[PDB]
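Novice: got a sequence here, can you model it:
(3 chains, ligands or ions: 6)
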Amino acid sequence: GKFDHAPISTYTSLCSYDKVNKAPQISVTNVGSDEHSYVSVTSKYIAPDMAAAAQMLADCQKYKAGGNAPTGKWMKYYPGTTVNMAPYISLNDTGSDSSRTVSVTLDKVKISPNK
Amino acid sequence: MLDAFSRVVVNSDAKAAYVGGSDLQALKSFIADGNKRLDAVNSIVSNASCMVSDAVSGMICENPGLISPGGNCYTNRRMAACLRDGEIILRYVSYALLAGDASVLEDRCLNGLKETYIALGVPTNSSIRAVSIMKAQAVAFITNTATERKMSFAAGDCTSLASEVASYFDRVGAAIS
Amino acid sequence: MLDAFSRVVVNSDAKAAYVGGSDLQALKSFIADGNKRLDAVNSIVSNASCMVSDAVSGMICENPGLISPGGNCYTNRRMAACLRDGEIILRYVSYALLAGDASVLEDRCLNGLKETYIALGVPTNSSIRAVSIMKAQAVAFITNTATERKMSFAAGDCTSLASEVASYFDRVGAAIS
Ligand SMILES: *C(=C)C1=C(C)[C@@H](Cc2[nH]c(/C=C3N=C(/C=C4\NC(=O)[C@H](C)[C@H]4[C@@H](*)C)C(C)=C\3CCC(=O)O)c(CCC(=O)O)c2C)NC1=O
Ligand SMILES: *C(=C)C1=C(C)[C@@H](Cc2[nH]c(/C=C3N=C(/C=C4\NC(=O)[C@H](C)[C@H]4[C@@H](*)C)C(C)=C\3CCC(=O)O)c(CCC(=O)O)c2C)NC1=O
Ligand SMILES: *[C@@H](C)[C@H]1/C(=C/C2=NC(=C\c3[nH]c(C[C@H]4NC(=O)C(C=C)=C4C)c(C)c3CCC(=O)O)/C(CCC(=O)O)=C2C)NC(=O)[C@@H]1C
Ligand SMILES: *[C@@H](C)[C@H]1/C(=C/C2=NC(=C\c3[nH]c(C[C@H]4NC(=O)C(C=C)=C4C)c(C)c3CCC(=O)O)/C(CCC(=O)O)=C2C)NC(=O)[C@@H]1C
Ligand SMILES: *[C@@H](C)[C@H]1/C(=C/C2=NC(=C\c3[nH]c(C[C@H]4NC(=O)C(C=C)=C4C)c(C)c3CCC(=O)O)/C(CCC(=O)O)=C2C)NC(=O)[C@@H]1C
Ligand SMILES: *[C@H](C)[C@H]1/C(=C/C2=NC(=C\c3[nH]c(C[C@H]4NC(=O)C(C=C)=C4C)c(C)c3CCC(=O)O)/C(CCC(=O)O)=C2C)NC(=O)[C@@H]1C
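Specialist: Residues are numbered from 1 along each chain as shown, chains lettered A, B, ... in the order given. Ligands and ions are numbered 1, 2, ... in the order given. Sure, the structure comes next:
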């Protein structure tokens, strides 16, 4: 299972080569005993799984052959990629006055098949 | 900071930003009854999924021809695209409430919607019906008078914003009339 | 002990961290709302496998150009890299919920990430779709409103934590824009 990783120079801004792709690995375990339950945390190297990613492309072929959308000379009213884009807003009421936050983000809108 | 939100909305590509507590206080000083206004916007977006599907189905409920063969909500793909259009309109109304200014609704959403639908063949008179349903939906949630759900809010009066959202919905119908 | 957790996630010498029965309740004493917060991270991490694949897949169907020739998720090699990126990002924000602070998320992950995607040519629009789906997935699990699975918890309100996870995912989007 050999994978050709990208050149080091392309991510010098991010992090050093000996620490890239290491991310937290967290396991939380419940048991009725407060004297025996535990939590564990570690950093592990997340390698790419070619086997899953081969499956992903095979499943997504269905969307590749269902068209994209109609178009016309009215497209001038959607000058960027903003066709079917709307602003999404998030609001965070919480138990601390400084921890409150708000968000606004322009993004595409689509309806999942279950609705 | 509200300009930064405007810069996010207008940039013509996907983009994100957020408000921290220090900058949130600048917004709180700038906005009139910001406590109410933010709760009002939450009341819409927290139920937007319920609102849009009911309105589109309510339009179908009173106008069954839209789902008859050749109808503009017949076959799955047209049906999703109408739900998509309902969401985008409702989202653009929600930010219009948050900014308290109707410009962004007109300039980004309502502009060209008249010319667009006719070339697509979308029945605009029924489109008005769906939007006019959401206006009934939105007013109830802001006043916390919905039948099947009640929200938790600090006591007080939200009448002004309920009237404010009403104008934003009514702008939609006029543009596509 | 909570300090020890923060050390390993910045790649210190230890293999792993552990908290015993006495120490776990000691950690829960330090972190207010510990029990719910432990429930919250458990619900996210236990479903991370489903969360990422669904989020990646949703990103593709919203823009199938990613899998067309010349598309960044075309090829078997690049597709694996993209899936990895979502797994990394979800793990970091899941830890931020455990500590209840954005410091490690901002400091260990998001700084320098924007420049790296610019160098790699990863289209920022597609990434925002990936990140935004993780948010919608995460809030559903924490509030036990997932359409397809119900988890068992003591009944109560986890709205604060769900909006607290919402803040972290918003930070990733702003950084990558
Ligand atoms: C046909 C059978 C037909 C429709 C389908 C459906 C459409 C419709 N709905 C209303 C009134 C409301 N529906 C609302 C939506 C919901 N209320 C809730 O509690 C949940 C969370 C949410 C999702 C289902 C709301 C908020 C209202 C407003 C209530 C009020 O103002 O008191 C209508 C009437 C309003 C209108 O058309 O403008 C219609 C047509 N009802 C049907 O009969
Ligand atoms: C492409 C056609 C496309 C997708 C495929 C799909 C992607 C998508 N999914 C959601 C909402 C959710 N998906 C969830 C995933 C799961 N639920 C579970 O029970 C299992 C464990 C897990 C793996 C399958 C969850 C939890 C959610 C949120 C609650 C829900 O059930 O809906 C979205 C919505 C995100 C958004 O609106 O931006 C999307 C886009 N939708 C597609 O179009
Ligand atoms: C339900 C409300 C309607 C219904 C709506 C439909 N609209 C269709 C296509 C379409 N709609 C828009 C406008 C939309 N995109 C934007 O950017 C804006 C404003 C921000 C909005 C509100 C566009 C641009 C398009 C075409 C592009 C696309 O859909 O990808 C549509 C499908 C048409 C088709 O498949 O050929 C429908 C069904 N139609 C109805 O009858 C009810 C009333
Ligand atoms: C109509 C929509 C509602 C209504 C709204 C009111 N909210 C009031 C006070 C209030 N609002 C918040 C949350 C708000 N402040 C923030 O920083 C954030 C940002 C994310 C938001 C969402 C808080 C914390 C409070 C304080 C309430 C308290 O101290 O308990 C309010 C009171 C008047 C005022 O403060 O100006 C009103 C009327 N309340 C209702 O009952 C209807 C249904
Ligand atoms: C939002 C997260 C959920 C919700 C979760 C709740 N769990 C509550 C009590 C509780 N949770 C645990 C498990 C947790 N504490 C630990 O030590 C461990 C080990 C790692 C974890 C996983 C425990 C042990 C308890 C105490 C009761 C019990 O023995 O099961 C709880 C109530 C806490 C409070 O506010 O007083 C909540 C809200 N419940 C929900 O409805 C949403 C979906
Ligand atoms: C998936 C949703 C994306 C997609 C992402 C890709 N990223 C690629 C390479 C890459 N990504 C990172 C950042 C990642 N590595 C880390 O350690 C952490 C932070 C701690 C992050 C989040 C790096 C550093 C790299 C380069 C390192 C390497 O590849 O070994 C990548 C492959 C690029 C290539 O062909 O070489 C992809 C496809 N691309 C997309 O279009 C969607 C939005």
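
Novice: for residue B:6, give its distance to residue C:133.
Specialist: 26 Å (Cβ to Cβ, to the nearest Å). Where you see a C-beta, it was placed from the backbone N, CA and C, and this is true even at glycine.

Novice: same thing with residue A:39?
Specialist: 27 Å.

Novice: do the same with residue A:63
Specialist: 15 Å.

Novice: what's the burial count for the residue of chain B found nearest ligand 6?
Specialist: Residue of chain B nearest ligand 6, by Cβ to the nearest ligand atom: residue B:14 (10.8 Å). Neighbour count of residue B:14, defined by other Cβ atoms under 10 Å in any protein chain shown: 26.

Novice: now do the contacts for it.
Specialist: Contact partners of residue B:14, counting by Cβ atoms under 8 Å, 6 or more residues apart in numbering or on different chains, are A:81, A:85, A:105-108, C:124-125, C:128-129, C:177.

Novice: now with 6 Å, please.
Specialist: Neighbouring residues of residue B:14 by Cβ atoms under 6 Å, 6 or more residues apart in numbering or on different chains: A:107, C:125, C:128.

Novice: inside strands: which ones of those?
Specialist: Judged by DSSP state E, strands contain the following of these: residue A:107.

Novice: turn the contacts of residue B:14 into JSON lines, columns for distance to residue B:44 and neighbour count.
Specialist: Formatted as JSON lines, the contacts of residue B:14 follow (distance: Cβ to Cβ, whole Å; neighbours: other Cβ atoms under 10 Å in any protein chain shown):
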{"residue": "A:107", "distance to residue B:44": "17", "neighbour count": "22"}
{"residue": "C:125", "distance to residue B:44": "26", "neighbour count": "19"}
{"residue": "C:128", "distance to residue B:44": "22", "neighbour count": "25"}
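
Novice: ok, of the contacts of residue B:14, which one's closest to residue B:170?
Specialist: Set against residue B:170, the nearest of the contacts of residue B:14 by Cβ to Cβ is residue A:107 (26.3 Å).

Novice: so that closest one sits against residue A:88, correct?
Specialist: Yes. Under the criterion of Cβ atoms under 6 Å, residue A:107 makes contact with residue A:88 at 5.4 Å.

Novice: could you find the closest non-adjacent residue to residue A:60?
Specialist: Using Cβ to Cβ, 6 or more residues apart in numbering or on different chains and skipping the chain neighbours, the partner closest in space to residue A:60 is residue C:60 (4.7 Å).

Novice: nope, residue B:160 is what I meant
Specialist: Nearest to residue B:160 is residue B:33, by Cβ to Cβ, 6+ apart, at 7.6 Å.

Novice: what number of residues lie near the one you found?
Specialist: Neighbour tally, residue B:33, other Cβ under 10 Å: 14.

Novice: tell me how far it lies from residue C:26.
Specialist: 44 Å.
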